[PDB]
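Heads up, the chain below is alone and in the form deposited in one PDB entry; it's given as structure tokens.
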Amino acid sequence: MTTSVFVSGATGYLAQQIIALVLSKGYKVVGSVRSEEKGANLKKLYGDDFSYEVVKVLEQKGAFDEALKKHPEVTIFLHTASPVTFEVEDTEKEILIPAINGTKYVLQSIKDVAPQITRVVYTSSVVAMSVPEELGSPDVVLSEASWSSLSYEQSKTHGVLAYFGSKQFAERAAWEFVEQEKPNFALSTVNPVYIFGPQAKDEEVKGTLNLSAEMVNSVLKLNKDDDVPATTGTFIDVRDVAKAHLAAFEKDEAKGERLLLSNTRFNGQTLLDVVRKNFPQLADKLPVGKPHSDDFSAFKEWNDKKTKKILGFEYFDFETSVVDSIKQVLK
């Protein structure tokens, strides 16, 4: 009787938080995974309202055809699967193509075989809206209208620029598909910054230590003689990203929208100060730097007012998000 929701890349960090949230709202879920045992693991963790299908390669035409044919009860599709790595041999084969062609072929499969799908949400990224130097700029104001100027030729040259390109061009292709093919579904994208926060299941706190979360987790591996990490940027809590995905398919207002998911700026000093205050027993094992020397008052606030009005909830603050990540890891 209830609606089923399809989530590509269900093994992932964001994807599992999305899955745990939608299951809690009464939805069923069907998740895609690159292998059978990967499916089997998730089933044990999430229970009866979760099914999976093995889709090993995104960059094949009709890759999701069989999976979708087997699940007519699915009316919602959340495409989150994407290479999220900066380190590869071929930027193209390992990052650009599976993102760009993966995305094109999923939308085509939905149109071909799942005409009952009314909503599709694509997980994009702030990298689709800018170039590396602009993000760390204090005179740059990003908005839902922002598009990266990074060219495809330049995106190939190395790993970080490939990831920037992958998101920008996959998302473009997504909006171009909607314009050109005129599908039954309405499209919306979620564009987050660095994603922090606890993993969905404690049992998953062991391997595949995902890039973004690890930027918090790595602090615990410092020792008192190490330098303050130089990591800096803007954050959003994984649980807020999940709620945005939910709003991205439940709210009429979210149709045809890009949603910029960005909260506050932080650097390595912000991180150490939070961890040191909340986990005093680790203070002797950690560097000190210059507590509260961090100052972001010169940075123009990004324009996410539209996203904030559509979402209609308040975000987890940096300390809570970081605190909950470390709590779980220590547990």
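What we label the rigid core is the largest C-alpha set whose atoms superpose within 1.5 Å from one form to the other. Counting begins at 1, following the sequence as shown.
The next section is about a form of this same protein that is not shown, the form deposited in another entry.
Asks: Which residue, chosen from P115, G207, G256, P72, moves its CA by 2 Å or more between the shown form and the other one under a rigid core superposition?
Replies: The one that shifts is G207.
Asks: Superposing on the rigid core, do we see a C-alpha displacement of 2 Å or more at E176 between the shown form and the other one?
Replies: Stays below the 2 Å threshold, so no.
Asks: For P83, state whether the C-alpha moves by 2 Å or more between the shown form and the other one after rigid core superposition.
Replies: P83: C-alpha displaced by 2 Å or more between the shown form and the other one.
Asks: Comparing between the shown form and the other one on the rigid core: C-alpha of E134 shifted by 2 Å or more?
Replies: After core superposition, the displacement of the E134 C-alpha between the shown form and the other one stays below 2 Å, so no.
Asks: Classify the change in Cα distance between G62 and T85 in that other deposited form as closer or farther, relative to the shown form (magnitude of 3 Å or more).
Replies: The answer is closer, because the C-alphas of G62 and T85 approach each other in that other deposited form by 3 Å or more.
Asks: Note whether the distance between the C-alpha atoms of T208 and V323 decreases (closer) or increases (farther) in that other deposited form, against the displayed form; the change is 3 Å or more.
Replies: Nearer in that other deposited form, by 3 Å or more.
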